[PDB]
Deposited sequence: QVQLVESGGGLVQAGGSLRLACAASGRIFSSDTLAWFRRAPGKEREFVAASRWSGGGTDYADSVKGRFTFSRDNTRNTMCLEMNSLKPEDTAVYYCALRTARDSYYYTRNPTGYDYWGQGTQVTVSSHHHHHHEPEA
């Protein structure tokens, strides 16, 4: 139904910043929420941030900021003051409200996953 395509990455030292951009090919329905998940090597995916399409926002912090264009169906996750343990394989995911309207951080609920950016 909805395909998530995102780009960005590279090797960045501990001092610097980098930018993400996830693009969705479909209809968000103004109620679906999207979250970003990072997977460290030899580790399971962990919650980072999420926000509903209509508004709001969830983190974890304040180090990572979430912004949504709401016009080109694209959103960005700007990060600053990186750390050696911060680097991991990031994923872009989407959650559908058809099953329920409750918001959860469990990756199992998310179905429309993306790919890695590092």
query = So which bits of the deposited sequence did not make it into the model?
reply = 61-64, 123-137
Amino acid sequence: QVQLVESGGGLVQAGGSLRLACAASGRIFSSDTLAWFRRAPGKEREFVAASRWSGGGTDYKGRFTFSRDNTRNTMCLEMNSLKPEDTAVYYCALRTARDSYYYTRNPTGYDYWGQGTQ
From here on, numbers count along this sequence of modelled residues.
request  = May I ask whether residue 41 is missing from the deposited models in at least a third of the other compared entries?
outcome  = yes
